[PDB]
Structures are given as structure tokens and as C-alpha cells.
Amino acid sequence: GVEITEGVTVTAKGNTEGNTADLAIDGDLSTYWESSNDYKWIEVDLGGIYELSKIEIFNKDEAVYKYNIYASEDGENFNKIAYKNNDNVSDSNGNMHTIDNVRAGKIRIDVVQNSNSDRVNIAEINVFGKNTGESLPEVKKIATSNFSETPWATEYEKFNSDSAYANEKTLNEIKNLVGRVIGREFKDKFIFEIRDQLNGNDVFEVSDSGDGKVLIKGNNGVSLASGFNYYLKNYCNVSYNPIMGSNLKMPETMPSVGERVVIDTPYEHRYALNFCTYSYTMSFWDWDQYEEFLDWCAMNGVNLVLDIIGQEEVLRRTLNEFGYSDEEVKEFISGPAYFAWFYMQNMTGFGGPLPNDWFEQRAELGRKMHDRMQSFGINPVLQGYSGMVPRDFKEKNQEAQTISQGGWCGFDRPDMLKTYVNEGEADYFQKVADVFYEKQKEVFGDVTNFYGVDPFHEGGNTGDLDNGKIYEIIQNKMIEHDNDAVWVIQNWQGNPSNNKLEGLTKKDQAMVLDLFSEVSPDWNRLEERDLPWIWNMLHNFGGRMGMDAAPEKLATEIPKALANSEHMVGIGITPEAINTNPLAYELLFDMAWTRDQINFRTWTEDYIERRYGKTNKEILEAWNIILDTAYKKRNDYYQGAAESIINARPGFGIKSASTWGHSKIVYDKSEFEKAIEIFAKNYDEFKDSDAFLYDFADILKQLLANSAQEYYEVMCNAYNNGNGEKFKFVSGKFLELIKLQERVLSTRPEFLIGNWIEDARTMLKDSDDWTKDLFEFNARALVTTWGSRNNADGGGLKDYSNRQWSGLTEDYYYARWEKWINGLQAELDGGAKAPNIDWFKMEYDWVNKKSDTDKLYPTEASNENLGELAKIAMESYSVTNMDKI
Ligand SMILES: CC(=O)N[C@@H]1[C@@H](O)[C@H](O)[C@@H](CO)N[C@H]1CO
Ligand SMILES: [Ca+2]
């Protein structure tokens, strides 16, 4: 218990001018370290291993500070040993924390809240303990394997060079898929065969074997899985969706096929995934979830998938060759929930640093994916390189020429190397691009010909450079390292411009994803320039939820585009998240297997029967109401489902929760409520279908979101009219409506914030408390404030990824509205004017709470009766009966 007064040093990753880290341990209460960015922690080295008894912390003023304290005795694992989360003000006496004789050579103090400022500080920190005489071990540097040295390389080349081995692998893997999807007991009821393409097109066949088994042919694994899916949907009344609800009840005996079926697709590619999907949905996926997704992809005909798994190791090896240590690379790379905007060159650093063990684990996961994709015949889209470098690249490489890219939503964009330079100047685009493509091959090997990169995504700066020449040189460099390369390019709000695209000198080795074809198609300019392009349904923005789909456009515009074009080489999905409206994604991929328009109404009728395992006239009537309301074709511009007012920052005249969203309901709300009445009437009969319960919760929460918007307008009028008694009553029903909404959301495991957070905290094995807390920060921030203040507010990202989720609704959305309502009520009751609320401060307080110290959110759904909840909603919180209420 003696104060450690010699040999103590400290580091920090950021500080305001003159308030450096060493000022936290200089014995002077008048000097302080102060943070300058989102790295709000300091790391103290004790000059040896001590058994700590006390830690004492002083701040620079008398604000309320909250912080978490971590310790490490091996140099790698920092585990939580103390914290302050109460609302006590700091004072001249400091805060003393008792430590239970914990061994520690290093200490981390993370100050997550300063009630007075966005920036945090530590005036002094004193550590008390007993010297053990020991010193920390030297921590091993990051060590990763080359692909060619792993068993993955042996297996990948064996598949490549041995057709008999490759066919045995594929056919066995499709059999394993069957066991995973419907059960191992059904594996031996199928016989799978590889056949040739049908006149250059992927094709599958389904027929009777002759002895009661199902014979399925296909030119590759995807076609085989698609034929297996076709048999389930059309003969077993079965529907598979591992993310959004399934019906896997198989008949007691295998239904006979009857007449043989041969079905092909005219599309070379069926594409899946936005960069954003890797953040809003897949951030914390394990291999079990990736395997499910690839099974579902193959069954839906998907053969081209964006793949950024383990790209952090590729970039580490690359930047290591240009003066960057591993620690500097970790500061450049974002956290695990922000890779989408890191690789689209929009932001750096935030959410990190990643743990040291991240790099090898993710490279291994990526190799695991490529093995499975090779078995199925799914092409991954790896990374191209367009010149992205950190902002200090010139400091370490003096001859390099770079272009400042400015800001994106308050984040500092990375720099961009000049794609070409004058003669006499060093060309670091050529240097770094050569290293990048070579390092990518070292990590994963030759797994694809498709590479994605998107300079100037949603901003940037072309500097003095010529637009077309930029894309000419980027493509040529890509082809230099892979002669068969195809540059996969996003087409998003008119970018890249025609002048940029016309710089592509090899049109057949570029492929443009028309990102938003079902709302704002933009492929005519691509078709006119003879550029291969893909028709994509985006549908989902930020994971924001609500009933929303364009089935009629999918059933008609896709074959119409094929008939009116020559360079349409596929269809696909580009959702920012895969969590809502499974009908839309089922119908899209189904449109790959036809050249004619289909009837979206009769398609929906067949879809709901296999999704629920049964149907009747009333259930069909309810879904026709959905088709006539929430799923009805529209011709305006909109990003995602209409947002729930419950999820918006409280205020006057709200028209959306997110900056680029919308809350206008374009259908009649009371008409849509009829669908809920029908579902409730049929609840007892259909409650054995999990997909029915999924859909029931989906439309019931849409009902309460729609009615909450009306109740919000009424209490807004009551305030403007000075009617305090009416405001108290209407706002009381509004808050009660939200309480009912939280109960509805609690019935679905998909809607639990606890599952999102726990996945983040457990996505790596043998991680320390520090990494778990940081990953939880990633998970909490992304669905609320997104970034910190300058990103949420000035940057416009506040509640961009708002979710109608259990736990989050009770503790975040409800709390905001309750606070706002209480303020307005006090004013109407003859009090002082309602104060301004710093919403970000309140929101960031929830963001920084930890599951092991504050509140652990459940991972188990409730048993609430959706039919009974629907009755309450219709009787007490509905639009139809609103005047009686
Ligand atoms: C903050 C954010 O996620 N913004 C997304 C962006 O990341 C995405 O690349 C783009 C195309 O899907 N849509 C933007 C939203 O209009
Ligand atoms: Ca000091």
C-alpha cells in the first residue's frame, strides 16, 4: 500500500496543445492531460509489476466524471479492476478506489464522461501497491501466416487442379448444406449431379430418381443449392431464411416431383452485399452465422458476394512497407463496427484500436469463407486499390504526393495518393498499389478475378487530376496484377460521373453496380457506354425497420430491363443491412430465374403459404392489404422504410428520425390496421409458425409506429394551444403506447439489443475486458449516435441506424420522449420555459455504459401473446378508434 513514486511513465494517443499525457503524473494538481479526440484513455506504466491496493484520480475542475480502470500483468490482457459511474462531482480531495491486491505492470484509465465538456482530463493519478520484484514480459509482435504455408492453400489448389476431387467436394458440401438446412435425416433423400451449363447459362434440374429420392442437377454448387431450394418451395411448402424466419417442417414422406423440371438463368452474376452490410448487420458475426448466410445465398442463386473479411491484415502488411508500425496501423483502421466507411475511404480510427489478435483471426475467417465459396462456385469480390493512405503518409514518405480528401460527416477522410505525377516526381500510387495487390495475394491467394474499390465515394477531392485519367490508371494497375481482373464499381447518386467512367479503357473488365435500381435506377448511362452493369435492389438503409418493399417493381422492371439492354450482366441486392422485409429479398433473387414479368400478387400468395406452412382466405386477405398499403408501388424518392416517430429526437415538427430519412406514411393507416386485426383473429391457428410470429410482430409494431405519429401530432397541438390538461392526457397515452411497443418488440430474438451487444462482446475468444468494453462501445454507438458529437450532430449521423428494438426502446427512445414531455408539462403547468436539451450528451451516456457493470440486456425473448397485444393496440392505441380514445 505504498505510493509508487518512481519509475512511472504514461502514454496517450491524443491531447490538446500543452496538455500532454505526462502532465497526468507530474505530481502537480494544476497541470492536466486533456483529450483531443475519441481516444479518451491514458496508459500508465508502473516501472514493474505491483500488487495494487489503491488508485487515486484527480480531475482539473468540479465536473462529474465517469471512467473505467483496467490493469495488465502480462502486457497484453487489460482487465477491468475499478470504475466510477456515479454522479458525484469531482472535488479537491480526488477519488480514491480500493483495489483487491491485483497484480499490474500497466494501467489504462478510460474517461468516458465529462459532464462539462466533450473533452476529458486527468489532473493527477496516484497508484499505491507493493512491488513484486517482477517485470512485464515482452509482448510478441503480431505474427500472421502466409496463405501458401497453410492447409488452405493445399486444399484450394487441389480443388483447382483435380476435377474429380473438386466435384466430390462440391457434391459432399451440398449434401452437408441439406443437413444444416432441414436436418441430417434428409441428406440421403437427395442425389446430386453436376451437369453442364444450358447454352452458356447456369441451370438446375429437379426430378424423381425412381426409388423415392429427389435427383437434382446443376452446373455448380450454387445451381445445385438453387435446385434443392426449388424443390423445397414448390413441392414441400418449405421456406428457408436463417435471418428473417423459416418454415422447415418437412412432410412425413418425400413428395414426388412428377414431370422433370429444367430451369436456367440468363444472368451471369447474382450479387449480394453493400459495404454497409458488413457494419450494420455483420459486424459481430461468427462463422456459424456466415455459414448460414452462404447456405442461404447459394440456395437463392447468389454467385457474387462482396468480401472484406480480414482486409485489415492485408492493409497492415501494406502499410508496414511504408514506415507504419503495427500500432500506427491500428490507429488508422477503424473499430469492428465501422469497416464499411473505413474501406469506402470515409473515416479512420473511430471505434479502435483493434486488438492484436484480430488480424490472424480475421485472415483465418476469410480463408474459411473462400474455401466454402470455392466449393459452391461463389465469386468473392476482394479489394482494389485507388490510393487511400493515412493523412501522415507524406511525413513518413517525403517524396509521396497526396490529395487531402476533406471531411465526411465530421470525420477526417483519409488522404488519396495522386493517381499520377509529373516526370521527375516519385509515383507512390504505383509503389503502394503494387505492394497492396501483392500483400492481398499473400494473405488469401488467388481466389477471384473481381475487385471492388470506390474513390470519391460520397465526397473527396480530385485535386488537379483529370477524372477519366484517374480511372484509366486505377483499372490498368488492377489488370497489371490480374490480367482477368474485373473492377466492380458502385454507382451511387450519379457518381462516378460519365467523364470518370469514360476513362475506363477496358469496358469488359469493369462492372458497375446500379445501387438503387428499385427506387432511383441509373443504368441507362452505363448501358449507353457499353459498361457491364448489375440491377440491384437496395431497399434497406441503416438497418432502419418498418414495412416497406417494392414487389411489383421487382416482378416487372427487372425482366423489362433485361429485354431493353445488352450489357445487363446480372441482378443483386445492395442493402445497408439484412434485417427487414424478407419478401423483398426472396422475390428479387427469384427474378433471376425468369425472362418474363410475373404477377407479384400471385407470387406473394404462394410465398406466404410456404413461409407459414399453411394459409387460408383471411391470411391471404391480410397480405393483399399489405400489398395494397405498405408494399404498394410508389414513384417518389425515399431512402428506406418510413421511420418511427418513437425513434426520433423529440422536438417540434419532426418529419424523420435520421437526416436523410422520412416519416411520411404514404398509405391509409386505418386500412393497414385491418391486416393486424386479421392476424390477431388467426393468431391461435398460425402461432405454431415462427415466421408468422415474425411477420405479426413486424406489422403490429408498424401499427403502433403509425399511431404514435398521430398521437404526437395531437400532443403537439395541445402544447401550441396551451392546453396543459390535454397535453398531459395525450402525452400519457403516447408514453403508454411506447411501453406497449417495447412489449411487442420483446417477443422476437431478432429485436433484442442484448443479442447485438453480446455478439460484440463475445465475437473473439480469450479477449480481455478492455476489448469487450470497446466492442460494446462499437455496438451501442452505431445504432444511436453513430459517432461522437461532431459526427452525430454537425455530421448529421444522429440515429441514422435507429432500430425498433427491445431494450433500446425502453432505455433510450422512451427516456428521450419522457424527458421532453416532462419539460413541456412543467412549462404548461405555470413553470419556467422548457430548457434546451443537449440530446447527444444524454444519448452518449447510454452509449458508454458497459454490460458487466451497468445493466445486462437479455438474450432471451419474452412469452407475450402477440394476438393479445394486438387486441390492446387496436382497442387503446389505434388510429381507427382514436376519437373514442
Ligand atoms: C451513413 C451511411 O451509411 N450512409 C449511406 C452510405 O454509407 C452508403 O454507401 C450509401 C449507399 O448505400 N447510402 C448512404 C445513405 O444515404
Ligand atoms: Ca498534473
# chains A, B, ... in the order shown; residues from 1 in each chain; ligands from 1
$ closest_atom_pairs --of "chain A" --to "ligand 2" --cutoff "7 Å" --atoms "only C-alpha atoms and all ligand atoms" --output "JSON lines"
{"residue": "A:23", "atom": "CA", "partner": "ligand 2", "partner_atom_place_in_ligand_line": "1 (Ca)", "distance": 4.4}
{"residue": "A:24", "atom": "CA", "partner": "ligand 2", "partner_atom_place_in_ligand_line": "1 (Ca)", "distance": 4.5}
{"residue": "A:25", "atom": "CA", "partner": "ligand 2", "partner_atom_place_in_ligand_line": "1 (Ca)", "distance": 5.6}
{"residue": "A:26", "atom": "CA", "partner": "ligand 2", "partner_atom_place_in_ligand_line": "1 (Ca)", "distance": 5.0}
{"residue": "A:27", "atom": "CA", "partner": "ligand 2", "partner_atom_place_in_ligand_line": "1 (Ca)", "distance": 5.5}
{"residue": "A:28", "atom": "CA", "partner": "ligand 2", "partner_atom_place_in_ligand_line": "1 (Ca)", "distance": 4.1}
{"residue": "A:29", "atom": "CA", "partner": "ligand 2", "partner_atom_place_in_ligand_line": "1 (Ca)", "distance": 4.7}
{"residue": "A:30", "atom": "CA", "partner": "ligand 2", "partner_atom_place_in_ligand_line": "1 (Ca)", "distance": 5.8}
{"residue": "A:31", "atom": "CA", "partner": "ligand 2", "partner_atom_place_in_ligand_line": "1 (Ca)", "distance": 3.9}
{"residue": "A:32", "atom": "CA", "partner": "ligand 2", "partner_atom_place_in_ligand_line": "1 (Ca)", "distance": 4.5}
{"residue": "A:123", "atom": "CA", "partner": "ligand 2", "partner_atom_place_in_ligand_line": "1 (Ca)", "distance": 4.4}
{"residue": "A:124", "atom": "CA", "partner": "ligand 2", "partner_atom_place_in_ligand_line": "1 (Ca)", "distance": 4.8}
$ residues_around --residues "segment 854-870 of chain A" --least-positions-apart "6" --cutoff "8 Å" --atoms "only C-alpha atoms" --output "PyMOL selection string"
chain A and resi 676-677+679-681+683-684+693+696-697+700+740+743-744+746-749+752-755+758+807
$ residues_around --residues "residue 80 of chain A" --least-positions-apart "5" --cutoff "12 Å" --atoms "only C-alpha atoms" --output "mmCIF file with N, CA, C and O atoms, in the first residue's frame"
data_model
loop_
_atom_site.group_PDB
_atom_site.id
_atom_site.type_symbol
_atom_site.label_atom_id
_atom_site.label_comp_id
_atom_site.auth_asym_id
_atom_site.auth_seq_id
_atom_site.Cartn_x
_atom_site.Cartn_y
_atom_site.Cartn_z
ATOM 1 N N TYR A 67 -15.476 6.982 -15.446
ATOM 2 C CA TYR A 67 -14.307 6.363 -16.052
ATOM 3 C C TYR A 67 -14.220 4.900 -15.647
ATOM 4 O O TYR A 67 -14.813 4.471 -14.655
ATOM 5 N N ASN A 68 -13.454 4.146 -16.434
ATOM 6 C CA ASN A 68 -13.209 2.731 -16.202
ATOM 7 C C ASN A 68 -11.707 2.492 -16.155
ATOM 8 O O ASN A 68 -10.952 3.079 -16.936
ATOM 9 N N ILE A 69 -11.280 1.631 -15.236
ATOM 10 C CA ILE A 69 -9.868 1.420 -14.938
ATOM 11 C C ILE A 69 -9.517 -0.034 -15.221
ATOM 12 O O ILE A 69 -10.159 -0.948 -14.690
ATOM 13 N N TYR A 70 -8.495 -0.242 -16.048
ATOM 14 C CA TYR A 70 -8.061 -1.569 -16.455
ATOM 15 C C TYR A 70 -6.599 -1.773 -16.077
ATOM 16 O O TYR A 70 -5.823 -0.816 -15.994
ATOM 17 N N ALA A 71 -6.227 -3.032 -15.855
ATOM 18 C CA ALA A 71 -4.875 -3.378 -15.443
ATOM 19 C C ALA A 71 -4.396 -4.594 -16.221
ATOM 20 O O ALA A 71 -5.192 -5.452 -16.613
ATOM 21 N N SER A 72 -3.083 -4.663 -16.436
ATOM 22 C CA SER A 72 -2.462 -5.772 -17.150
ATOM 23 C C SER A 72 -1.213 -6.224 -16.411
ATOM 24 O O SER A 72 -0.363 -5.400 -16.059
ATOM 25 N N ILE A 99 -8.374 -1.325 -4.553
ATOM 26 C CA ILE A 99 -8.046 -2.439 -5.433
ATOM 27 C C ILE A 99 -7.669 -3.631 -4.567
ATOM 28 O O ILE A 99 -6.940 -3.485 -3.579
ATOM 29 N N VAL A 102 -4.451 -6.580 -6.824
ATOM 30 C CA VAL A 102 -4.372 -7.080 -8.192
ATOM 31 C C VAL A 102 -2.986 -6.794 -8.754
ATOM 32 O O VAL A 102 -2.498 -5.659 -8.688
ATOM 33 N N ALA A 104 -0.340 -5.839 -11.423
ATOM 34 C CA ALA A 104 -0.427 -4.958 -12.580
ATOM 35 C C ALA A 104 0.934 -4.343 -12.859
ATOM 36 O O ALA A 104 1.596 -3.855 -11.938
ATOM 37 N N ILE A 107 -1.500 0.140 -16.478
ATOM 38 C CA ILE A 107 -2.861 0.536 -16.132
ATOM 39 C C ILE A 107 -3.414 1.412 -17.247
ATOM 40 O O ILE A 107 -2.702 2.262 -17.790
ATOM 41 N N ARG A 108 -4.685 1.203 -17.589
ATOM 42 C CA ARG A 108 -5.407 2.050 -18.530
ATOM 43 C C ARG A 108 -6.570 2.720 -17.811
ATOM 44 O O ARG A 108 -7.341 2.050 -17.117
ATOM 45 N N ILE A 109 -6.691 4.036 -17.978
ATOM 46 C CA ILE A 109 -7.802 4.808 -17.430
ATOM 47 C C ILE A 109 -8.562 5.416 -18.597
ATOM 48 O O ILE A 109 -8.024 6.271 -19.311
ATOM 49 N N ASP A 110 -9.809 4.992 -18.782
ATOM 50 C CA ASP A 110 -10.657 5.467 -19.872
ATOM 51 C C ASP A 110 -11.741 6.363 -19.284
ATOM 52 O O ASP A 110 -12.657 5.875 -18.615
ATOM 53 N N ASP A 768 -9.696 -9.715 -23.598
ATOM 54 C CA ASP A 768 -9.698 -9.111 -22.275
ATOM 55 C C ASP A 768 -10.911 -8.197 -22.095
ATOM 56 O O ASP A 768 -11.666 -7.929 -23.032
ATOM 57 N N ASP A 769 -11.095 -7.726 -20.856
ATOM 58 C CA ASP A 769 -12.202 -6.821 -20.557
ATOM 59 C C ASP A 769 -12.134 -5.563 -21.410
ATOM 60 O O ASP A 769 -13.169 -5.029 -21.827
ATOM 61 N N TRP A 770 -10.921 -5.068 -21.667
ATOM 62 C CA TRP A 770 -10.766 -3.855 -22.461
ATOM 63 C C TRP A 770 -11.378 -4.022 -23.845
ATOM 64 O O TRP A 770 -12.116 -3.152 -24.322
ATOM 65 N N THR A 771 -11.074 -5.140 -24.507
ATOM 66 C CA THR A 771 -11.579 -5.363 -25.857
ATOM 67 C C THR A 771 -13.091 -5.549 -25.860
ATOM 68 O O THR A 771 -13.780 -5.051 -26.758
ATOM 69 N N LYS A 772 -13.627 -6.250 -24.857
ATOM 70 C CA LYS A 772 -15.072 -6.438 -24.775
ATOM 71 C C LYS A 772 -15.787 -5.106 -24.583
ATOM 72 O O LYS A 772 -16.796 -4.831 -25.243
ATOM 73 N N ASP A 773 -15.272 -4.263 -23.684
ATOM 74 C CA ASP A 773 -15.874 -2.950 -23.463
ATOM 75 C C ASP A 773 -15.802 -2.088 -24.717
ATOM 76 O O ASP A 773 -16.748 -1.358 -25.034
ATOM 77 N N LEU A 774 -14.683 -2.156 -25.440
ATOM 78 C CA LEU A 774 -14.537 -1.347 -26.645
ATOM 79 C C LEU A 774 -15.455 -1.840 -27.755
ATOM 80 O O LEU A 774 -16.013 -1.035 -28.511
ATOM 81 N N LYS A 850 -21.530 -0.151 -19.827
ATOM 82 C CA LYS A 850 -20.971 -1.476 -20.052
ATOM 83 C C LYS A 850 -21.891 -2.538 -19.464
ATOM 84 O O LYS A 850 -22.518 -2.324 -18.421
ATOM 85 N N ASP A 852 -21.258 -5.402 -18.059
ATOM 86 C CA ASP A 852 -20.825 -6.100 -16.856
ATOM 87 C C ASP A 852 -20.812 -5.213 -15.617
ATOM 88 O O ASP A 852 -20.550 -5.716 -14.520
ATOM 89 N N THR A 853 -21.082 -3.918 -15.758
ATOM 90 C CA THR A 853 -21.135 -3.012 -14.619
ATOM 91 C C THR A 853 -22.454 -2.270 -14.489
ATOM 92 O O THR A 853 -22.891 -2.013 -13.364
#
$ residues_near_ligand --ligand "ligand 1" --cutoff "10 Å" --atoms "only C-alpha atoms and all ligand atoms" --output "PyMOL selection string"
chain A and resi 274-277+279-280+338+340-341+344+346+408-409+457-458+490-493+515-516+538-543+574-577+638-640+658-661+782+786+795-801
$ residues_around --residues "residue 726 of chain A" --least-positions-apart "2" --cutoff "12 Å" --atoms "only C-alpha atoms" --output "VMD selection string"
chain A and resid 711 714 to 724 728 to 733 825 828 to 829
$ select_by_dssp --residues "segment 175-390 of chain A" --states "strand (DSSP E)" --output "VMD selection string"
chain A and resid 190 to 194 203 to 208 214 to 218 261 to 264 269 to 272 304 to 306 379 to 383 388 to 389
$ write_last_selection --atoms "N, CA and C atoms" --output "short mmCIF file (atom, residue, chain, number, x, y, z; two decimals), in the first residue's frame"
data_model
loop_
_atom_site.label_atom_id
_atom_site.label_comp_id
_atom_site.auth_asym_id
_atom_site.auth_seq_id
_atom_site.Cartn_x
_atom_site.Cartn_y
_atom_site.Cartn_z
N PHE A 190 -31.68 -37.25 -51.19
CA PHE A 190 -31.33 -36.47 -52.37
C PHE A 190 -30.12 -37.09 -53.06
N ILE A 191 -30.12 -37.04 -54.39
CA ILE A 191 -28.96 -37.40 -55.21
C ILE A 191 -28.60 -36.18 -56.05
N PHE A 192 -27.36 -35.72 -55.93
CA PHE A 192 -26.91 -34.52 -56.61
C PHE A 192 -25.92 -34.89 -57.71
N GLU A 193 -26.03 -34.20 -58.85
CA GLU A 193 -25.20 -34.45 -60.01
C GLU A 193 -24.77 -33.12 -60.62
N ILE A 194 -23.51 -33.03 -61.02
CA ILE A 194 -23.06 -31.89 -61.80
C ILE A 194 -23.40 -32.15 -63.27
N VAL A 203 -27.88 -23.43 -64.67
CA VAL A 203 -29.10 -24.20 -64.83
C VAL A 203 -29.15 -25.27 -63.75
N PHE A 204 -30.36 -25.62 -63.31
CA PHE A 204 -30.56 -26.75 -62.43
C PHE A 204 -31.72 -27.60 -62.92
N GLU A 205 -31.76 -28.84 -62.45
CA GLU A 205 -32.81 -29.79 -62.76
C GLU A 205 -33.29 -30.47 -61.49
N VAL A 206 -34.59 -30.75 -61.43
CA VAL A 206 -35.20 -31.49 -60.33
C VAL A 206 -36.09 -32.56 -60.93
N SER A 207 -35.99 -33.79 -60.42
CA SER A 207 -36.77 -34.89 -60.95
C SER A 207 -36.77 -36.04 -59.95
N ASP A 208 -37.56 -37.06 -60.26
CA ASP A 208 -37.64 -38.26 -59.44
C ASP A 208 -36.55 -39.24 -59.85
N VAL A 214 -34.96 -37.67 -54.50
CA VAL A 214 -35.01 -36.49 -55.35
C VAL A 214 -33.66 -36.34 -56.04
N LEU A 215 -33.68 -36.32 -57.37
CA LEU A 215 -32.48 -36.15 -58.18
C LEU A 215 -32.38 -34.69 -58.60
N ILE A 216 -31.26 -34.05 -58.26
CA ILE A 216 -31.06 -32.63 -58.54
C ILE A 216 -29.74 -32.46 -59.27
N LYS A 217 -29.78 -31.81 -60.43
CA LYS A 217 -28.60 -31.50 -61.21
C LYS A 217 -28.34 -30.00 -61.21
N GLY A 218 -27.10 -29.64 -61.52
CA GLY A 218 -26.70 -28.25 -61.61
C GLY A 218 -25.27 -28.12 -62.09
N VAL A 261 -38.11 -31.04 -64.27
CA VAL A 261 -38.04 -29.59 -64.38
C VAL A 261 -36.61 -29.20 -64.71
N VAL A 262 -36.45 -28.32 -65.70
CA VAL A 262 -35.17 -27.75 -66.07
C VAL A 262 -35.33 -26.24 -66.07
N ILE A 263 -34.53 -25.55 -65.26
CA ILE A 263 -34.66 -24.10 -65.09
C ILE A 263 -33.27 -23.47 -65.13
N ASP A 264 -33.11 -22.46 -65.97
CA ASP A 264 -31.86 -21.74 -66.10
C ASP A 264 -32.06 -20.27 -65.75
N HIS A 269 -24.20 -13.09 -63.25
CA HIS A 269 -23.94 -12.80 -61.85
C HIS A 269 -25.25 -12.58 -61.10
N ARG A 270 -25.32 -13.10 -59.88
CA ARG A 270 -26.34 -12.73 -58.91
C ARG A 270 -25.59 -12.23 -57.68
N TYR A 271 -25.70 -10.94 -57.41
CA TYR A 271 -24.80 -10.24 -56.50
C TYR A 271 -25.45 -10.02 -55.13
N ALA A 272 -24.61 -9.95 -54.10
CA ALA A 272 -25.10 -9.66 -52.76
C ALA A 272 -24.07 -8.84 -52.00
N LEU A 304 -21.97 -14.02 -56.46
CA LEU A 304 -21.01 -12.93 -56.41
C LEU A 304 -21.27 -12.13 -55.15
N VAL A 305 -20.30 -12.12 -54.23
CA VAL A 305 -20.51 -11.60 -52.88
C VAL A 305 -19.33 -10.70 -52.51
N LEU A 306 -19.64 -9.47 -52.09
CA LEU A 306 -18.61 -8.57 -51.59
C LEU A 306 -17.96 -9.16 -50.34
N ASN A 379 -18.20 -16.37 -56.35
CA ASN A 379 -17.05 -15.49 -56.51
C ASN A 379 -17.07 -14.43 -55.42
N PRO A 380 -16.03 -14.32 -54.60
CA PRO A 380 -15.90 -13.15 -53.74
C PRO A 380 -15.40 -11.96 -54.54
N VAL A 381 -15.77 -10.77 -54.08
CA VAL A 381 -15.22 -9.53 -54.61
C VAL A 381 -14.22 -9.02 -53.59
N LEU A 382 -12.93 -9.15 -53.89
CA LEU A 382 -11.90 -8.67 -52.99
C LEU A 382 -11.69 -7.18 -53.19
N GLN A 383 -10.55 -6.66 -52.74
CA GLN A 383 -10.30 -5.23 -52.73
C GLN A 383 -9.42 -4.81 -53.90
N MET A 388 -5.73 5.16 -51.29
CA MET A 388 -6.04 5.52 -49.91
C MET A 388 -4.80 5.38 -49.02
N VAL A 389 -4.47 6.45 -48.31
CA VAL A 389 -3.35 6.45 -47.36
C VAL A 389 -3.73 7.29 -46.15
#
$ residues_around --residues "segment 735-738 of chain A" --least-positions-apart "2" --cutoff "9 Å" --atoms "only C-alpha atoms" --output "number ranges by chain"
A: 646, 704-705, 707-708, 730-733, 740-743, 809-810, 813-814, 817-818, 873, 876-877
$ residues_around --residues "residue 241 of chain A" --least-positions-apart "5" --cutoff "9 Å" --atoms "only C-alpha atoms" --output "NGL selection string"
:A and (246-247 or 292-293 or 296 or 582 or 586)
$ write_last_selection --atoms "N, CA and C atoms" --output "tab-separated table (two decimals), in the first residue's frame"
chain	number	residue	atom	x	y	z
A	246	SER	N	-38.19	-18.88	-40.95
A	246	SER	CA	-38.25	-20.02	-41.84
A	246	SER	C	-39.45	-20.90	-41.50
A	247	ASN	N	-39.84	-21.71	-42.47
A	247	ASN	CA	-40.69	-22.88	-42.24
A	247	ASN	C	-39.96	-24.08	-42.80
A	292	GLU	N	-24.50	-20.09	-42.33
A	292	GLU	CA	-25.93	-19.95	-42.61
A	292	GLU	C	-26.16	-19.04	-43.80
A	293	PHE	N	-25.50	-17.88	-43.80
A	293	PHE	CA	-25.72	-16.88	-44.84
A	293	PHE	C	-25.28	-17.40	-46.21
A	296	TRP	N	-27.83	-19.87	-47.43
A	296	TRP	CA	-28.98	-19.15	-47.96
A	296	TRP	C	-28.65	-18.47	-49.29
A	582	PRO	N	-38.38	-9.79	-45.44
A	582	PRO	CA	-37.81	-10.91	-46.21
A	582	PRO	C	-38.47	-11.13	-47.56
A	586	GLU	N	-36.49	-12.36	-51.07
A	586	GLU	CA	-36.91	-13.61	-51.69
A	586	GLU	C	-37.35	-13.38	-53.13
$ residues_around --residues "residue 470 of chain A" --least-positions-apart "3" --cutoff "9 Å" --atoms "only C-alpha atoms" --output "ChimeraX atom specification"
/A:386,418-420,462,465-467,473-475,500,503
$ atom_distance --atom1 "atom CA of residue 181 of chain A" --atom2 "atom CA of residue 283 of chain A"
23.4 Å
